[PDB]
Structure formats: C-alpha cells, structure tokens
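What follows draws every value from the coordinates through simple rules; no lab data is involved. Note that we place each Cβ from the backbone using ideal geometry, even for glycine, and neighbour counts take in every protein chain shown.
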Amino acid sequence: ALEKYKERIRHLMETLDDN
Amino acid sequence: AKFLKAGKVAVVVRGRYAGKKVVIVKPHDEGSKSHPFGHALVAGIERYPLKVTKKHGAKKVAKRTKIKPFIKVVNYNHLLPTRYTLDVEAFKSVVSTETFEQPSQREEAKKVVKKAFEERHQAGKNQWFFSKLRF
Amino acid sequence: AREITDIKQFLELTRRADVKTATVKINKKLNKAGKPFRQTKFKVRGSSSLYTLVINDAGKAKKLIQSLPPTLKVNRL
Amino acid sequence: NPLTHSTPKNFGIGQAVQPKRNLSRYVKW
Amino acid sequence: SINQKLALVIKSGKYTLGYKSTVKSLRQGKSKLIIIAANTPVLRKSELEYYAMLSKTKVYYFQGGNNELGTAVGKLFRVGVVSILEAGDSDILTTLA
Amino acid sequence: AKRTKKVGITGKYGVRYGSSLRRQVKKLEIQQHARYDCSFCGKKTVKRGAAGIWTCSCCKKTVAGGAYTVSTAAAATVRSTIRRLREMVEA
Amino acid sequence: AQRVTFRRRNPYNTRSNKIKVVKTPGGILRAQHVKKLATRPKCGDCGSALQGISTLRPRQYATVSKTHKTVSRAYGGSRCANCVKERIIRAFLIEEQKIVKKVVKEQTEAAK
RNA sequence: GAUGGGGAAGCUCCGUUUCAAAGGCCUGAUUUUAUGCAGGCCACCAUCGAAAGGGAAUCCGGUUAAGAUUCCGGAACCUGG
RNA sequence: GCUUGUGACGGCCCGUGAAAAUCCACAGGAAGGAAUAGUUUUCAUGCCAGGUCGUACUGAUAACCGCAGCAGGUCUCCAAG
Ligand SMILES: [Zn+2]
C-alpha cells in the first residue's frame, strides 16, 4: 500500500510541475 | 489588472484563522443578499504540518506530515494578498456557493481538500504555503 | 439553590441515587390580579445543591406526586 | 529530498542565538 | 511643479482620498497613480507599495506631510494618501512625478 | 472679555512673589501647558506629562524633550550638527 | 435612624475593609463586607482592556472555565486583536522584504 | 540579620549576595572489558520584619444569667486528592 | 435631598504618587493518544478530608496612663426630624 502510494507522489512530482 | 484570482494565495488577517495562509477558489466581485460586500471563497489550512528530517521514519513521518484543512467565506479587507500562486483544479467543483451552508456538506468538501493539500505537500511544491507564518 | 424548568430533567434527579430525601411545598398566590390559585414546589435534596420545580396548575401537580418513586422519602409542607 | 528542507542558521553577530561552545579556558575554578 | 499638476486633477479628473478607498481602487485595478505622504507610518507605506507592485501601479512619494498634501489637493482636512482613477487634461502620469 | 490686563496664567499666584518672578514664570508656564504638533500624526495633540516627557494622545507615542517645551533650542542645533557630520563620513 | 457596625475586628477604613448597608429578612440593617473590585485584563502592547475576558480577582481565574479567559483567535487571550492584525501584516511584509535584500546582495558580488 | 569571609588582646565588629566546590533536574543494553557511573541541562542565594499594606472561601433565621459570621436549623462556597 | 460606592472626564507638579507572594493567559510543540475501543477529570454529577493559637468584658467625668473610682491625656466606623 505504501509503495504504491509512493509512486503516485513521485509521478505527481514530475507531472504536475508549476510553482 | 485585477490581481485577486482563482490562483491567488493570501494571508487571512482577522477571525480565528488569523495569520494562516489561504488560496482563493471563487472571488465574488461585488456582493450578494447574504455577505453584502466584496467577499472571496477560500481554502486554507488550520494546523500546519510540523518539521521533518533524516532521523524520522515511516510512522513518525506520517504523524508529523498530517494537515487539517479549512474552508471559509471571507471579506476582501481581511485578506492580505500575496505575490505567490497555487493551482486550484483539484478543488474547483468541490468548493462553491451551494457547498457552504447546508451542513455537513462542508465536511465532505474538507476531505477532498485534505487529499489535495497533503498530496501537494508530498513531493513538496509551493514550499512557502506549507511553512507556518510566524508572527 | 437551582431552579429547573423541564419536567424530564426532574425525573432523572429522583433516580440519581444520592438523593435521600425530597420535600413538597404548597403556596397560595394570586394570578395577574384576578383570582387566587394553588401553586406547588417540588424540591429535592441533592448532595451539593437543592433542585426545585415550580408547577402552577393543580391538575398537573397531583399526577406529579404519584409520579415520584416510593423508595424516596417525601415530606409534605 | 522532498519533505526534508535546509533552513540554515546565521550565528554571525546580532542575528541568532549562539550555540554551545567549549569554554574550558574561561571557567571559574 | 507638483502642486500645479495636482491643481488640475482635482478640478477636472477622477480621484479618491484616504487609505481605505485607495486600497479598493488598487484591488479593483482602477488606480493609475498614487501619492503617499512623508509622515505616514512605515507599515502603512510598505503595505501600499506591495499592493501597488502586484497591480503594477506607479507610486510617487510627496516630499511633505499629510497636512500640506491636503493643501496641495486643496482640502481643509489632512490627507495621508491620494489616488488617481482617471487622468485630467494635463498629463500627470507620463512625467517623472 | 479678556479678564486680566497682563498677569495671565500667573494670576493664580495673585499678589505674592513679586512682578519680575511672575513674568519669568509666565513665559515658561505658557509653553508647557500649550499643545504642540505630533510629527508622526500631523495633529496638535502633544501634551506635557512630567519634566522632559511629551505624550502624543494620537498614536500613543511618548517623546523625550525639554522640561517646558518639546524641542529646546540647544537640542535642534545638536541635531543639525549630527546631520552634518554623518554625510562627511559616508562620503 | 438605624445604625450599623463593622462585623470584623478591624475598625479602620482601609482599602480592604469596606461596607455596604443591607436590609435583611429579619427586618434590620446590617453591614456586609464587599471584596475589592476586579480590574479588567489588558493587552500587553497597545495597553487597553480586551473583550470577551471576565473581570475577576487573580486567584478567581483558577475556578473559571477556559472559554471565559480565552478568545478563539491566535494570540487571543493576550493581544488587542487590532495589534494582532498589525504584527501579521508586519511579519508578512518584512519577511518578503528579506528576499528582496538577498536577491540584490548576491548579484552585486558577482558584478565586482 | 546568620552563613562564606575579613577585622579585633577580647566582650564581639563589618558585610548580605558579597573574591565560596553555597543543589536538583533529564537520559541511559552510553556496548562491551562482561560483578566498580557514564552522557548532558539549569543558573540566585538563609532567615526575620504589617492582628490597619498584599491576601482562597459563609450567609440568613434561632438560641444563652453571661457565647456566637465560631453553637443549633437550613442554605452556600473554597482548597487538595 | 443626605451619606457612601463606582464610572467616564478635567486640573495640578523641578512632587508624576510601594514591593513581593499568589493566580491566569499567550507563543512554543518535547511527546502522547482510536476502531474495537481509546483520549478529555479547565463541562456536569458523585466520594473523602480541613490541624495549632486568639475569641468573655471595658475602651473611659469609675475597668487604659497620670501614686486615686483624678474636670487632664488617649487611634477609628455608623450617624434620624
Ligand atoms: Zn502621533
């Protein structure tokens, strides 16, 4: 659950961008 | 231009959430039947996430990172506007004029806004927003 | 001393099981300035404080005397 | 790395509060 | 001179006086120029700079207190800050003042 | 009606103390009780309160000054000497 | 016509030792010693009495609940509200000015 | 006005936080020396001196040859656990 | 109306008119708590406890001091037509 939760965050670092 | 917008970060000045940073979702320009003045719908955070470091791990980090959101209507005078900005599309359809009043629809709004603001904070972006203003 | 308005709240105090004794009291008074009427006052001895209940109507008063528990001591005037 | 932040400190002169330092030279015996 | 420029704007041009009414015109984005007195306190002044630089409005500092800024605009009550909503016949904003 | 010819505030003392000392007192008693301009407000609301202490009612500020006036003449000529010596040191 | 004594052994009119004359159920006048009056708590900055706080003697605050002594805003118990407003405004602008200092000083060193 | 100190042939005198080692708090498989205390934190000072200064909290009614905000009856509050 | 308590103001100073115990609040966040039952005894109700000494009466043209049951002296509260 936590390892699947992490890849969401590491996706959201790169994809979301902006200030 | 008119600078108060859906992006805009601001510091709330009066009333309970005083010196707590918010972001405007729906700026009403001039007035309504209730709230007879220039007022903005905002979505701040009441309890800031505490500091966190190399020493802490797993369960201590989850406790330290936890954020209470709030949502409120507020006067334009009580809001101090700020050069910084935050993207607001995660809680556009949530927060609205219909959403306020009729409780406990307010609670279901805050659960989505919690999942926005914590998840914004993990892989931290807008670092200034999630730091506490000290005064 | 502490007045109570509500009737439900009075029945809870009688079953609270520190209350050893109660006392009932009857007073003649005049309503508005038209006619006399027979007031009652159901007082109950708590450990800290004396709780009391003012009922104006005579019909509701007589049912309330029966509505007390029998195990509680009651003392007239 | 994301949640971790560098905050420095500026001990300097008037700014900040001085850390614990060895004062063995200065102790009143 | 600065008194001759402001003597035009009062008699033919839109304006507003005092702190609360200006900040509304900064928020709404109507104000083209604001004139802040010398003797106004610094937390008040440094707030008006920050509201201005978001809106990208020009900021002049009147060399003189709030009494004699009132004399310049030609009002017998003292005034700390003045804003210009619309320019008059004379040019005001395009000059260095 | 202006009630007295010359004595003014010093008429409280009445017949006592001699005319020359009463004139000395009249000079400084007019200064100390008179209101002065607050530099920071722009209001004529600076009352005296104890010797050398000058309370704005506006702003609740308190400024050090002279005993019987806000800025004595010696204090002003000091202040300009300090203005002069500073800009020599800078350049 | 009816006159009244001090109840306690102090016979002098001290700040503590004050009297109110009171009509009893017995139908005679009597002294009752009034305790000294509570001043308002102040705001430790602007210097004025501050709202939604009870006026009690200083020991008597220990009896009373939290919502009497506090108000819900940050710095609520101890600040004027208007003086809390100022320092939130001030903290925000001076902290923003500190970045404007730091950007200028870094560029100047590279030029020289 | 003791103490630490210093004067005085000495009865004692000076001085009161002063040229004093002037106590009491946290953590510890302090990781190996195998049955011995290790690592830190905090910073001024005895005591006496007010039945009018400061200060937790009680009122009514009744009663005695002579006592009561102290006894009796009822009704309250305060402090600590 | 009289006595008194309090409020907001005004005058006065080369006078600007005690301290400490005690209590509370605020900033800070060491850390501690739930999903099968915890956290709150600053909300309410309930249980137990409260030592030592003073307490009578005078307070004065007879109870105090003036050799006295001395026209002297001795601080203060209440205060009717
Ligand atoms: Zn001022």
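Out of curiosity, is residue F:66 out of contact with any strand residue (DSSP E or B) (no Cβ under 7 Å at 6 or more places or on another chain), under 27 Å from residue G:47 (Cα atoms), within 15 Å of the ligand (Cβ to nearest atom) and without any contact (Cβ under 8 Å) to a residue 40 or more places away in the chain?
No.
In the stretch E:11-65, which strands (runs of 3 or more DSSP E) lie fully inside it and hold 1 or more residues that are of a type in the set (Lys, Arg)?
Numbers: elements: E:15-17, E:33-36, E:58-61.
Strands (runs of 3 or more DSSP E) meeting the threshold: E:58-61.
Considering only residues that are without any contact (Cβ under 8 Å) to a residue 60 or more places away in the chain and closer than 23 Å to residue G:87 by Cβ, which ones fall in the stretch B:1-25?
Selection gives B:16, B:17, B:18, B:22.
Going by what's in this entry, would residue B:63 be described as more than 15 Å from the chain's Cα centre (by Cα) and either assigned to a strand (DSSP E or B) or not polar (S, T, N, Q) (or both)?
For residue B:63, the condition - more than 15 Å from the chain's Cα centre (by Cα) and either assigned to a strand (DSSP E or B) or not polar (S, T, N, Q) (or both) - is met.
Kindly evaluate residue G:69 against the criterion of being touching a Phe, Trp or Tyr at 6+ places or on another chain (Cβ under 7 Å), charged (D, E, K, R) and away from every other protein chain (no Cβ under 11 Å). Spell out the reasoning first.
On the way: touching a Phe, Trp or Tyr at 6+ places or on another chain (Cβ under 7 Å): yes; charged (D, E, K, R): yes; away from every other protein chain (no Cβ under 11 Å): yes.
Yes; evaluated as a whole, the condition is true for this residue.
Of all residues in the stretch B:81-130 being in a loop (DSSP other than H, G, I, E, B) and within 14 Å of chain A (Cβ to nearest Cβ), which is farthest from residue B:46 (Cα to Cα)? Steps first, answer last, please.
Applying the first criterion (in a loop (DSSP other than H, G, I, E, B)) to the stretch B:81-130 yields B:86-88, B:92-104, B:122-126.
Right, trim to within 14 Å of chain A (Cβ to nearest Cβ) and you get B:86-88, B:122-126.
Values: B:86: 17, B:87: 19, B:88: 18, B:122: 18, B:123: 21, B:124: 18, B:125: 19, B:126: 17 Å.
Restricting to residues being in a loop (DSSP other than H, G, I, E, B) and within 14 Å of chain A (Cβ to nearest Cβ), the top hit is B:123.
Output the qualifying pairs, or none if there are none: Cβ atoms under 9 angstrom, residues six or more apart or on different chains, first residue in the stretch C:43-69 and small (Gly, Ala, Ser), second residue part of a strand (DSSP E or B) and within 16 Å of RNA strand I (Cβ to nearest atom).
C:46/C:2; C:49/C:2
What do you reckon, is residue B:33 more than 30 Å from residue A:1 (Cβ to Cβ), part of a loop (DSSP other than H, G, I, E, B), more than 13 Å from every other protein chain (Cβ to nearest Cβ) and charged (D, E, K, R)?
Yes, satisfied.
In the stretch B:7-28, how many residues are in a strand (DSSP E or B), within 9 Å of another protein chain (Cβ to nearest Cβ) and closer than 14 Å to residue B:39 by Cα?
The total comes to 1.
To keep it simple, each residue is scored yes or no on (1) within 14 Å of chain E (Cβ to nearest Cβ); (2) assigned to a loop (DSSP other than H, G, I, E, B); (3) more than 16 Å from RNA strand H (Cβ to nearest atom).
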site: F:10; (1), (2), (3): no, no, yes
site: F:14; (1), (2), (3): no, yes, yes
site: F:22; (1), (2), (3): no, no, yes
site: F:31; (1), (2), (3): no, no, yes
site: F:44; (1), (2), (3): yes, no, yes
site: F:63; (1), (2), (3): no, no, yes
site: F:75; (1), (2), (3): no, no, yes
site: F:87; (1), (2), (3): no, no, yes
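Looking at B:68, B:72, which is the one that is under 30 Å from residue D:7 (Cα atoms) and away from every other protein chain (no Cβ under 12 Å)? It would help to see each step written out before you state the result.
Values: B:72 fails: under 30 Å from residue D:7 (Cα atoms).
After applying the criteria, what remains is B:68.
Here is a check on your reading of the model: is residue B:49 crowded, with 16+ Cβ neighbours inside 10 Å, assigned to a loop (DSSP other than H, G, I, E, B) and within 12 Å of another protein chain (Cβ to nearest Cβ)?
yes
Considering the stretch B:66-80 alone, what residues qualify as being outside any loop (DSSP other than H, G, I, E, B) and more than 16 Å from residue B:118 (Cα to Cα)?
Scanning the stretch B:66-80 gives B:72, B:73, B:74, B:75, B:79, B:80.
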